[PDB]
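A short write-up of the structure that comes next.
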There are 2 protein chains.
Amino acid sequence: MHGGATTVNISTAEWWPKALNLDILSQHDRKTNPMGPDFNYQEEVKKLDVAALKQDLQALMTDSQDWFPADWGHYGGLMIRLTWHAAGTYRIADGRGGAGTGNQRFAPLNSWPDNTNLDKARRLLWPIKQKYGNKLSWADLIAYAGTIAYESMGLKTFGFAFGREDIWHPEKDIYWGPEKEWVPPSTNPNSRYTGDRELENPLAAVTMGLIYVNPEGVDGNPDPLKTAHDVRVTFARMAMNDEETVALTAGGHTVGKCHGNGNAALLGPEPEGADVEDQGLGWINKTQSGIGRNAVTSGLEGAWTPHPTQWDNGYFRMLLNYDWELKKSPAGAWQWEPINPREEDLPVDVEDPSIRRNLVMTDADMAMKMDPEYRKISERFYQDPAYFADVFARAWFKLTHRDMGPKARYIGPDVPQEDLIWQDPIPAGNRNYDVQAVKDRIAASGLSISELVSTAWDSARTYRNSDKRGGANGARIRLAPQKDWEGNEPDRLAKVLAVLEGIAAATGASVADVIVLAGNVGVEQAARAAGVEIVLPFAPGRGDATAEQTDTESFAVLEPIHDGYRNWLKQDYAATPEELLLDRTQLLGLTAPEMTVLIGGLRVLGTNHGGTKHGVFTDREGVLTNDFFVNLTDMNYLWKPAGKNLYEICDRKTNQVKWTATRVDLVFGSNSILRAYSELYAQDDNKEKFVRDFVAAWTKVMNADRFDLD
Amino acid sequence: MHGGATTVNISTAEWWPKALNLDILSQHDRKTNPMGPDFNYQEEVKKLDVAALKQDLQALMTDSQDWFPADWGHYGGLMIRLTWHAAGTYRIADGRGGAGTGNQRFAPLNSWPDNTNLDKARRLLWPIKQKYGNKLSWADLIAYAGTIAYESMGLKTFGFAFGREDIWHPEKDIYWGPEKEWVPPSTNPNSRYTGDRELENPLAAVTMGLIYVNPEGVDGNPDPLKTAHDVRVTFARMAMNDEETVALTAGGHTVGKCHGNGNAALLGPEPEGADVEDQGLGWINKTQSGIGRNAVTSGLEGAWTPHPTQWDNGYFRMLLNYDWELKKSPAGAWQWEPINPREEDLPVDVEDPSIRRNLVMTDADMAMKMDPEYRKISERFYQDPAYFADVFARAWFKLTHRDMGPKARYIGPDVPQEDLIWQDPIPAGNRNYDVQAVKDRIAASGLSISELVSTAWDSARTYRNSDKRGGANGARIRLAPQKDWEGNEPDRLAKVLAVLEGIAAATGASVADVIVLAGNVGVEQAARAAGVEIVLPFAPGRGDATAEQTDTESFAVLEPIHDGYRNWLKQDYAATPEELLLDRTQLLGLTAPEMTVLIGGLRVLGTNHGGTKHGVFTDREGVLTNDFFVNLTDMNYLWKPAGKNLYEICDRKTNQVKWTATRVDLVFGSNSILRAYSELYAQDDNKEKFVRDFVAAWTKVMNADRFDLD
Ligand code: HEB
Ligand code: HEB
Ligand code: NA
Ligand code: NA
Ligand code: NA
Ligand code: NA
Ligand code: NA
Ligand code: NA
């Protein structure tokens, strides 16, 4: 009987649940990190004995352990599902989810129902991780395991990169969905479906705790054609088209099996709710045998191919050349079993090969036959297995690297030399030119501070840390579709580019470098005007990317349809503007203090989309002062709602309107943590510190995607 | 429509609410801190123009602002309540709460119903804070404001110290109580009362959102005698006795008033739930006038003295010399009004002094008359106002500094020279002696590694960061009551002290220094045995404190009745052992990685209370290895519950018991974040890093209370 807020329900979240979640900006900080401050994963993995790792990891595939034994003595089916599940969390709308963090070994992902028994796969990889230590992240190891499984079972994988830094707690910033319970039907309160059964728009899974779709059909009601539709939708939202989707499915199910030979209700709590006795595992059956042929995982039961420990062309042979019908697994799940199979085609039992068990297909497998489009592709792969194997290896590769960012992050011997277009490739840019000359030319041009800063911000604000897409490198802002994005103010952007494209031509520095450098000039000028001399650090080397290497459609997802930093809202979204601001800043990789200084600066540099005055609390627009905070924080004004996302700042004495402001602006004087920051910067003694801090933050954002350097 | 977990309800806490709250170990870290890494508050406040501050702060007391105007043009009543409320959150059981952090300016405290309109007081202090900047924390400023108010209204305050570092978010580790709603009656589900209406034991308030007691009586039912009882209980749990309690109450209510002249339902949401228009304030009345004489705060209405802007002897004159009866304030609250008051005794109106309003007493005031004990003291203060004024100034001082720790933290011109016993005073100790000689003598003694380490841990484990009590300085472990604490294993402690007291005599280093130094030796020896040569940093200067300056009863609250670090549980508490472990580590100021390494080390140094083997997963007890993690993490064992807080670690092959372990031990292989840490340290490449890290952590704990140095 004691005073500590010692379990997680005990917080401020249950009184004010609509409160901004500023903690998402303060994740992964010094105190959760057990590593030294100098530890750098990138140089350590560079020293790794990969070839020896490959050897070990292969041997593990047939090194059955007695506490969770390998099917037929081959762990490869299981390890593929590991890696598949690790990666299949990715969603393009915001880049969140992915295998790029090794997130599956913490809540919530470690305890999702779809990840049943992958706790066993991870645990099985521990002794390898134990051996290679700091030179091998769980992230990389988890990501590799299925690729080696493929290799060992006879697939020519297309390659692999290391470079995924482990994290030390759950990614708090990822919203997985509205549901308060696991795999509830879509006809429920808190549903992720709206309208014509359209999926709520960031989300890429059909319900809470699934990776993509329900294998027993839409809400557990088999109908291949309805399943087909969910698969198309979901896999598109993880950036895979029809071809790749058929390939992945066929390719996955070409090996391994479904486990469901027991009673699912005998299984214990999932890992985050199991007791300490379970060694951080879950779904343990203590009532009976939960392992070998008695294993209950998804609850479907059977294998898809006659030889599930090998790559072969069994999947389509079974799917296309037999007829199928509904049946119930032993644990009570809908599945498809073929009509009159031959004995020779029956997968044998996982423990004793003299016993024949059954074949299966899921509703998602049957979708590959019954959907007309999927059908044609299935036909193509059945007739052309070289092509199937090559489409699959590529998609497997894209699956597992989709979120790794530019090739500059890729490390190791099996990195393909091809620049895949989804790697958003950018050439190295020229580094030997006279920086000061470029500055002088930018300065010499007729371009306003705000023309310069806005253009540079907009080049950079696309960055997102979730999958390391976007940023100022490559200068894709000059290319379609970006140059026409309403948020980017095309005429102004056009105007500035004409100019900066010229300076770049004359100097042999990339438009990319010039754009950032101009931002830096505008800042330096505004600081000069306030009587501060600073020279902002600057790093050259950015490339310009070609339209050819710019997939127009993949970039839709990075359009800024909102940006608090420039008081931009393209429409009238359900999310409040300040939540939208928090999302973006979290993607940018920024802290709450950093978010605060940026808003203060940009406002007084006069950078609002549309040259709007909202939040410009200065007499000296263009001059880099702490005036935004100084006036925000002053009780001579009262604040009056004036419609949608709009307030009037009124003098208490004269009752006259002095400025206008948006919620983005005023949340910084409303939220008690943000006002604390604002107050600090409005202190008489903090004018220099505001400037040094804005500059630092500006700089962090301009160098966010510069992985070619570190 | 977007993917960010952008409001606070969205987390892992709603799936696994019984999960350990490891975030309480990672608060106040680099990324929430807007200051530079070198910024040190202690040296900055040292440069503060205090005398000028005093001047400004006094002028503010009668500088009424029009948006929340001062009663009679004196803000002093209000500022006293600020500081009173800021401090009255303190509770002795764990030291949590207090004015020592400036916590009231963030959730939840800024929005508690008892703190209604103190949002206005804080805001009123902003321009002073704005002026003095980094040299003045909101914490200190908030703590000073009422003391200056006292001075300006005619009280001789006993003094003041600066030195309270601001924080930048709510103190997540403080459990405020079980209730899911504000000020609910004690006859409810989720009640903090149990048995004979006994208060649930860390807690020091009668319900959620109150500071101490209900001013309308127990559950809003007036009965001075029942109130008396709650006041005695609550104020004792904030370390104030009968005398001090009467004094504080009389002293507080000698100035200021109760506000409740309106309809409380017209008031807007409290700050954390008000909209952005409200400038981070709350309880705004937009329907009518919420200010001046129309102010609704507690909902009682009237003043306690005829002259509420001054210190005088009005409180007891009114309380004792009139008779009182129940009435209803305008807003519907129970209060006491006197029978047949004279006109001259009526406080005038807050806006216009030609109008007389009414007197009041709360149920807590009437308790001071009706409780027999309180009565005698009230009589004493009524007859002896010099004594009342001096008892009050002292208690006001103790109120506002109770949590500031040793005098070494106190800064500024008005620091009293008296060593108050609640400051747990410790003399400076001798620093010129030969460290190496002491080591050699400790080494030369017949004392085991585990004798040395356990004794040193136990001297130090008392530290708590909440109010900066405890620690190894002063060596109070040799004094009553500590030397007899069952947790401290008195015979062993006695044994070791005999020895170390001798070495201290011979060397002129404090028993305190010797005790720590011996811990350091035992560690150095164990590391030597593993073939590592280290010399642990060491800082001399600790004093020995006298029994005279050791208040025996105040130290009850620091007894270790549980300690995971030595597998100690005195009894069978409701809280699980791992929660108890988390509490203690949070108080120690430790991170989760630090907690992890300590448990691993201590276990293999063989330091369990009772020389129990639980968690000692080594063949080489006494040798500093990463074996605890190595064996913990190994799936050759299975773990079997074996009763209360006890498990058998069994070989899967032989089905034989290899070791035993407690929950404290195994949570480190169960919790997914802790197992991640454990796994790291069980890596083949991390034997040195384990040792360097244990050592660092050991060291952090031995120097935790060494404020005399920094
Ligand atoms: C690439 C790859 C891949 C992909 C894409 C997939 C996709 C899928 N999938 Fe899969 N899976 C898999 C690969 C996969 N997969 C594998 C490998 C397995 C195996 C496991 C073992 O063997 O253990 C599975 C398994 C599985 C199962 C069973 C589990 C158990 O154990 O029971 C199910 C239900 C499923 C479903 C599914 C669906 C619905 C989908 C959508 C289409 N799957
Ligand atoms: C030291 C100090 C102090 C102390 C201890 C106290 C203690 C107390 N208290 Fe107090 N208060 C006070 C000081 C105080 N106090 C003041 C100063 C005031 C005033 C406020 C103004 O004036 O604004 C009050 C006020 C008050 C009120 C009113 C509020 C309004 O505005 O409405 C009430 C109800 C109370 C209660 C109380 C109780 C129940 C207790 C327990 C005993 N308070
Ligand atoms: Na991601
Ligand atoms: Na196969
Ligand atoms: Na066969
Ligand atoms: Na405290
Ligand atoms: Na008075
Ligand atoms: Na009078």
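Numbering starts fresh at 1 for the residues of each chain in the structure tokens, the chains themselves are lettered A, B, ... in the order given, and ligands are numbered from 1 as they appear.
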Give as a compact mmCIF listing (two decimals) with N, CA and C atoms, in the first residue's frame every residue of chain A that touches chain B within 6 Å, counting only C-alpha atoms.
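Result file is out-v2.txt:
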# COMPACT_ATOMS: atom_id res chain seq x y z
N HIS A 2 0.87 1.95 -1.14
CA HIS A 2 1.97 2.83 -1.58
C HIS A 2 1.46 3.92 -2.56
N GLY A 3 2.29 4.92 -2.89
CA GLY A 3 1.83 6.08 -3.69
C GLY A 3 2.15 6.22 -5.20
N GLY A 4 2.82 5.23 -5.81
CA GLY A 4 3.32 5.34 -7.20
C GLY A 4 2.31 5.02 -8.28
N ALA A 5 2.29 5.80 -9.36
CA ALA A 5 1.33 5.55 -10.46
C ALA A 5 1.85 4.42 -11.36
N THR A 6 1.78 3.25 -10.76
CA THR A 6 2.67 2.13 -10.95
C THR A 6 2.10 1.10 -12.04
N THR A 7 0.79 1.18 -12.29
CA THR A 7 0.19 0.63 -13.51
C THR A 7 -0.34 1.73 -14.42
N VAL A 8 -0.58 1.36 -15.68
CA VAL A 8 -0.74 2.30 -16.82
C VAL A 8 -2.08 3.05 -16.92
N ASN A 9 -3.17 2.43 -16.46
CA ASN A 9 -4.48 3.10 -16.35
C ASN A 9 -4.44 4.44 -15.53
N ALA A 13 -4.87 11.05 -18.76
CA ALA A 13 -5.61 10.68 -19.96
C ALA A 13 -7.10 10.35 -19.72
N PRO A 17 -9.54 13.24 -22.08
CA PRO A 17 -9.13 12.32 -23.14
C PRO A 17 -8.98 12.99 -24.52
N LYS A 18 -9.53 14.19 -24.68
CA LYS A 18 -9.45 14.94 -25.95
C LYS A 18 -8.14 15.78 -26.01
N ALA A 19 -7.33 15.69 -24.95
CA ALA A 19 -6.06 16.42 -24.84
C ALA A 19 -5.03 15.97 -25.88
N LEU A 20 -4.27 16.93 -26.36
CA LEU A 20 -3.19 16.64 -27.29
C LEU A 20 -2.21 15.64 -26.75
N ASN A 21 -1.74 14.73 -27.58
CA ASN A 21 -0.81 13.75 -27.01
C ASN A 21 0.66 14.12 -27.21
N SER A 26 8.20 12.86 -27.73
CA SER A 26 9.30 12.72 -26.79
C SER A 26 9.71 11.27 -26.58
N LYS A 31 16.80 8.30 -21.85
CA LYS A 31 16.51 7.47 -20.66
C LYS A 31 15.87 6.09 -20.86
N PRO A 34 19.23 2.14 -23.68
CA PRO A 34 20.32 1.50 -22.88
C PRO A 34 21.72 1.62 -23.48
N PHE A 106 7.35 -5.65 -29.00
CA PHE A 106 6.71 -4.89 -27.92
C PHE A 106 5.21 -4.77 -28.19
N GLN A 130 21.77 -13.23 -29.65
CA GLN A 130 22.71 -13.31 -28.57
C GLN A 130 24.17 -13.40 -29.04
N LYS A 131 24.41 -14.16 -30.10
CA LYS A 131 25.74 -14.38 -30.62
C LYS A 131 26.34 -13.15 -31.31
N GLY A 133 25.19 -10.00 -31.25
CA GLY A 133 25.13 -8.81 -30.40
C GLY A 133 24.73 -7.49 -31.03
N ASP A 173 3.09 6.74 -31.40
CA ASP A 173 2.50 7.66 -32.34
C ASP A 173 1.60 7.01 -33.40
N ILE A 174 1.63 5.68 -33.47
CA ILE A 174 0.84 4.96 -34.50
C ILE A 174 -0.60 4.71 -34.02
N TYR A 175 -1.55 5.33 -34.68
CA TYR A 175 -2.96 5.03 -34.39
C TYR A 175 -3.38 3.78 -35.19
N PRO A 202 -6.65 6.42 -43.09
CA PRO A 202 -5.22 5.94 -42.92
C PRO A 202 -5.08 4.39 -42.87
N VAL A 276 4.06 -13.86 -15.50
CA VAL A 276 5.52 -13.91 -15.61
C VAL A 276 6.04 -15.30 -15.88
N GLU A 277 5.34 -16.33 -15.40
CA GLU A 277 5.76 -17.73 -15.64
C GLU A 277 5.96 -18.04 -17.15
N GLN A 279 7.50 -16.56 -19.46
CA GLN A 279 8.73 -16.18 -20.12
C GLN A 279 8.56 -15.13 -21.22
N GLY A 280 7.55 -14.28 -21.10
CA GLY A 280 7.23 -13.27 -22.11
C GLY A 280 6.60 -13.85 -23.38
N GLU A 579 -4.19 18.83 -33.77
CA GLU A 579 -3.86 17.39 -33.95
C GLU A 579 -3.18 17.15 -35.25
N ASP A 583 0.63 15.57 -35.71
CA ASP A 583 0.93 14.47 -36.64
C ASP A 583 2.14 14.80 -37.48
N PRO A 593 9.32 21.38 -27.93
CA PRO A 593 10.01 22.69 -27.94
C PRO A 593 10.36 23.20 -29.34
N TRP A 639 -9.37 36.82 -26.30
CA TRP A 639 -9.50 36.08 -27.56
C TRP A 639 -10.95 35.65 -27.80
N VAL A 667 -3.20 27.37 -29.80
CA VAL A 667 -3.09 26.20 -28.95
C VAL A 667 -1.82 26.39 -28.12
N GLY A 669 -0.95 29.01 -26.70
CA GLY A 669 -1.26 29.79 -25.50
C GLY A 669 -2.39 29.20 -24.70
N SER A 670 -2.72 27.95 -24.97
CA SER A 670 -3.89 27.32 -24.36
C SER A 670 -3.54 26.02 -23.63
N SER A 672 -1.32 23.69 -21.67
CA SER A 672 -0.63 24.13 -20.50
C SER A 672 0.89 23.82 -20.67
N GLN A 683 10.05 35.50 -22.40
CA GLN A 683 10.84 36.11 -21.37
C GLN A 683 11.80 37.18 -21.95
N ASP A 684 11.93 38.26 -21.18
CA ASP A 684 12.79 39.40 -21.49
C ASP A 684 14.20 38.94 -21.78
N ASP A 685 14.66 37.89 -21.12
CA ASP A 685 16.02 37.41 -21.28
C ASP A 685 16.26 36.33 -22.37
| message | Taking only C-alpha atoms and all ligand atoms and a cut-off of 6 Å, can you tell me which residues surround ligand 7, written as a PyMOL selection string? | response | chain B and resi 254-255+305+307-308+310-312+314
| query | Would you name the residues within 7 Å of ligand 2, counting only C-alpha atoms and all ligand atoms, and put them as an MDAnalysis selection string? | reply | chainID B and resid 77:78 80:81 84 212:215 231 245 248:249 251:253 255:260 296:301 362:365 396
| Residue nearest ligand 6 among B:399, B:642, B:331, B:79 (counting only C-alpha atoms and all ligand atoms) |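 With only C-alpha atoms and all ligand atoms as the atom set, the closest residue is B:399.
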| message | Could you pull out the alpha helix (DSSP H) residues of stretch 425-626 of chain A, going by DSSP on the backbone, and write them as a VMD selection string? | response | chain A and resid 435 to 444 449 to 460 490 to 507 511 to 529 577 to 588 592 to 604
| field | Expected selection as a list in words for ligand 5 within 12 Å, only C-alpha atoms and all ligand atoms | value | residues 305, 306, 307, 308, 314, 341, 342, 343, 344, 345, 346, 347, 348, 349, 353, 354, 355, 356, 357, 358 and 359 of chain A
Save the residues we just selected, N, CA and C atoms, as a CSV table (one decimal), in the first residue's frame?
chain,number,residue,atom,x,y,z
A,305,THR,N,0.1,-26.7,-49.9
A,305,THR,CA,0.9,-27.5,-50.9
A,305,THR,C,1.2,-28.9,-50.4
A,306,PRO,N,1.5,-29.8,-51.3
A,306,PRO,CA,1.8,-31.1,-50.8
A,306,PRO,C,3.1,-31.2,-50.2
A,307,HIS,N,4.0,-30.3,-50.6
A,307,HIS,CA,5.4,-30.1,-50.0
A,307,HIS,C,5.6,-28.7,-49.4
A,308,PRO,N,5.2,-28.5,-48.2
A,308,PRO,CA,5.2,-27.2,-47.6
A,308,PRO,C,6.6,-26.8,-47.0
A,314,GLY,N,3.3,-25.9,-56.4
A,314,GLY,CA,2.1,-26.6,-55.8
A,314,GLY,C,0.9,-25.7,-55.6
A,341,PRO,N,-9.2,-35.2,-53.4
A,341,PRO,CA,-7.8,-35.1,-53.6
A,341,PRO,C,-7.1,-36.5,-53.8
A,342,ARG,N,-6.0,-36.5,-54.5
A,342,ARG,CA,-5.3,-37.8,-54.5
A,342,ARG,C,-4.4,-37.9,-53.2
A,343,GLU,N,-4.2,-39.1,-52.7
A,343,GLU,CA,-3.3,-39.3,-51.6
A,343,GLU,C,-2.0,-38.7,-51.7
A,344,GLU,N,-1.4,-38.8,-52.9
A,344,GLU,CA,0.0,-38.3,-53.0
A,344,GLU,C,0.1,-36.8,-52.8
A,345,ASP,N,-1.0,-36.1,-53.1
A,345,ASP,CA,-1.0,-34.7,-52.8
A,345,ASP,C,-1.3,-34.2,-51.4
A,346,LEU,N,-1.4,-35.1,-50.4
A,346,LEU,CA,-1.7,-34.7,-49.1
A,346,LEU,C,-0.5,-34.4,-48.3
A,347,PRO,N,-0.5,-33.2,-47.7
A,347,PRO,CA,0.7,-32.9,-46.8
A,347,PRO,C,0.6,-33.9,-45.7
A,348,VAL,N,1.8,-34.4,-45.4
A,348,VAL,CA,1.9,-35.3,-44.2
A,348,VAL,C,1.9,-34.5,-42.9
A,349,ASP,N,1.9,-35.3,-41.9
A,349,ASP,CA,1.7,-34.8,-40.6
A,349,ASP,C,3.0,-34.1,-40.1
A,353,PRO,N,5.8,-38.6,-40.6
A,353,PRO,CA,5.6,-38.4,-42.1
A,353,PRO,C,4.8,-39.6,-42.7
A,354,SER,N,4.5,-40.6,-41.9
A,354,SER,CA,3.7,-41.7,-42.5
A,354,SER,C,2.2,-41.4,-42.4
A,355,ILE,N,1.8,-40.2,-41.9
A,355,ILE,CA,0.4,-39.9,-41.8
A,355,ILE,C,0.0,-38.7,-42.7
A,356,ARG,N,-1.0,-38.9,-43.4
A,356,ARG,CA,-1.5,-37.8,-44.3
A,356,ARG,C,-2.5,-37.0,-43.7
A,357,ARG,N,-2.5,-35.7,-43.8
A,357,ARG,CA,-3.4,-34.8,-43.3
A,357,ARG,C,-4.2,-34.1,-44.4
A,358,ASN,N,-4.5,-32.8,-44.4
A,358,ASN,CA,-5.3,-32.3,-45.4
A,358,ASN,C,-4.8,-31.0,-46.1
A,359,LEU,N,-5.3,-30.7,-47.2
A,359,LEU,CA,-5.0,-29.5,-47.9
A,359,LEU,C,-6.0,-28.4,-47.4
| request: Could you tell me, counting only C-alpha atoms and all ligand atoms, which protein and nucleic acid residues lie no more than 9 Å from ligand 6, written as a PyMOL selection string? | output: chain B and resi 87+89-92+94-101+402-404+465-468
| Of the candidates B:122, B:197, B:375, B:164, which shows the shortest atom-to-atom distance to residue B:40, using only C-alpha atoms? |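 Checking each of B:122, B:197, B:375, B:164 against residue B:40, counting only C-alpha atoms, the winner is B:164.
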| query | What separation in Å, quoted to one decimal, exists between atom CA of residue A:543 and atom CA of residue A:475? | reply |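 Between these atoms lies a distance of 7.3 Å.
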Please list as a PDB file with C-alpha atoms, in the first residue's frame every residue within 7 Å of stretch 449-455 of chain B, counting only C-alpha atoms and excluding residues in the same chain fewer than 5 positions away.
ATOM      1  CA  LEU B 493      24.386  -4.349  10.071  1.00  0.00           C
ATOM      2  CA  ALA B 518      33.125  -0.198   1.579  1.00  0.00           C
ATOM      3  CA  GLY B 519      30.294  -0.765  -0.841  1.00  0.00           C
ATOM      4  CA  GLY B 522      33.015  -5.030  -2.418  1.00  0.00           C
ATOM      5  CA  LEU B 605      26.893 -10.376  -5.692  1.00  0.00           C
ATOM      6  CA  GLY B 606      24.643 -12.498  -3.448  1.00  0.00           C
ATOM      7  CA  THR B 607      22.859  -9.627  -1.681  1.00  0.00           C
ATOM      8  CA  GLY B 622      30.414 -12.924  -5.399  1.00  0.00           C
TER       9      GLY B 622
END
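Looking only at stretch 289-532 of chain A, the set that DSSP places in strand (DSSP E) from backbone geometry is residues 302, 303, 324, 325, 326, 327, 328, 334, 335, 336, 337 and 338 of chain A.
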Selection from above, N, CA and C atoms, as a CSV table (one decimal), in the first residue's frame, can you write it?
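Result file is out_4.csv:
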chain,number,residue,atom,x,y,z
A,302,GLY,N,-4.5,-27.3,-42.0
A,302,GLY,CA,-4.1,-27.9,-43.3
A,302,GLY,C,-2.9,-27.1,-43.9
A,303,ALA,N,-2.4,-27.6,-45.0
A,303,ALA,CA,-1.3,-26.9,-45.7
A,303,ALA,C,-1.8,-26.7,-47.1
A,324,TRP,N,-13.0,-26.9,-54.9
A,324,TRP,CA,-12.9,-26.7,-53.5
A,324,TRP,C,-14.3,-26.4,-52.8
A,325,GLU,N,-14.4,-26.7,-51.5
A,325,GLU,CA,-15.7,-26.5,-50.8
A,325,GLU,C,-15.5,-26.2,-49.3
A,326,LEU,N,-16.5,-25.5,-48.7
A,326,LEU,CA,-16.4,-25.1,-47.3
A,326,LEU,C,-16.4,-26.3,-46.3
A,327,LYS,N,-15.7,-26.1,-45.3
A,327,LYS,CA,-15.6,-27.1,-44.2
A,327,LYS,C,-15.2,-26.4,-43.0
A,328,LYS,N,-15.1,-27.1,-41.9
A,328,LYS,CA,-14.8,-26.5,-40.6
A,328,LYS,C,-13.5,-27.2,-40.2
A,334,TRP,N,-13.9,-21.6,-40.7
A,334,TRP,CA,-14.2,-21.8,-42.1
A,334,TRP,C,-12.9,-21.9,-42.9
A,335,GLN,N,-12.9,-22.9,-43.7
A,335,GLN,CA,-11.8,-23.1,-44.6
A,335,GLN,C,-12.2,-23.9,-45.8
A,336,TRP,N,-11.4,-23.9,-46.8
A,336,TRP,CA,-11.7,-24.6,-48.1
A,336,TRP,C,-10.9,-25.9,-48.1
A,337,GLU,N,-11.5,-27.0,-48.5
A,337,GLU,CA,-10.8,-28.3,-48.6
A,337,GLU,C,-11.2,-28.7,-50.1
A,338,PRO,N,-10.2,-29.4,-50.7
A,338,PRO,CA,-10.4,-29.7,-52.1
A,338,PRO,C,-11.3,-31.0,-52.2
| Excluding same-chain residues fewer than 3 positions from stretch 544-546 of chain B, what lies within 12 Å of it counting only C-alpha atoms, as a ChimeraX atom specification? | /B:421,423-430,470-480,501,504,508-515,541,549-552
Output C-alpha atoms for every residue in the selection just made, as a compact mmCIF listing (two decimals), in the first residue's frame.
# COMPACT_ATOMS: atom_id res chain seq x y z
CA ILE B 421 14.79 19.19 12.49
CA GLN B 423 15.43 19.54 7.28
CA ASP B 424 17.13 16.25 8.32
CA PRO B 425 20.39 18.20 8.98
CA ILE B 426 23.80 16.73 8.34
CA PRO B 427 27.15 18.39 9.14
CA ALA B 428 29.82 18.70 6.44
CA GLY B 429 32.27 15.81 6.93
CA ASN B 430 36.04 15.70 6.73
CA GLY B 470 17.06 9.86 2.92
CA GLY B 471 20.24 8.63 1.40
CA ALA B 472 23.64 7.60 2.59
CA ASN B 473 24.77 11.03 3.71
CA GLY B 474 24.55 11.47 7.50
CA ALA B 475 24.81 7.72 8.05
CA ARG B 476 21.48 7.64 9.89
CA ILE B 477 21.53 3.91 9.23
CA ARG B 478 23.57 3.53 12.45
CA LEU B 479 20.93 5.46 14.42
CA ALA B 480 17.49 4.65 15.66
CA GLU B 501 33.04 2.66 12.86
CA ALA B 504 36.31 5.79 10.49
CA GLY B 508 38.96 10.73 10.40
CA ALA B 509 36.57 9.99 7.53
CA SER B 510 32.86 9.89 8.45
CA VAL B 511 31.17 6.55 9.08
CA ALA B 512 29.08 7.76 6.11
CA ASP B 513 32.06 7.98 3.76
CA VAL B 514 33.39 4.70 5.10
CA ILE B 515 30.11 2.90 4.49
CA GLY B 541 32.47 14.84 2.49
CA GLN B 549 18.95 16.00 14.86
CA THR B 550 17.19 12.85 13.79
CA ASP B 551 13.42 12.91 14.31
CA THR B 552 12.66 9.25 14.93
Using only C-alpha atoms, determine which residues lie at most 6 Å from residue B:118, disregarding the query and same-chain residues fewer than 3 positions distant; provide the list as a CSV table (one decimal) with N, CA, C and O atoms, in the first residue's frame.
chain,number,residue,atom,x,y,z
B,82,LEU,N,-3.1,30.3,-3.5
B,82,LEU,CA,-2.1,29.7,-4.5
B,82,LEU,C,-1.0,28.8,-3.8
B,82,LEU,O,-0.9,27.7,-4.1
B,115,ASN,N,-8.6,23.8,-6.9
B,115,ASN,CA,-7.8,24.9,-7.4
B,115,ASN,C,-8.5,25.9,-8.3
B,115,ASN,O,-7.9,26.6,-9.2
B,121,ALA,N,-4.5,33.4,-10.4
B,121,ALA,CA,-3.3,33.9,-9.6
B,121,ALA,C,-1.9,33.6,-10.4
B,121,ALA,O,-1.1,34.5,-10.5
| field | atom CA of residue A:48 to atom CA of residue A:140, distance in Å rounded to a single decimal | value | 12.0 Å
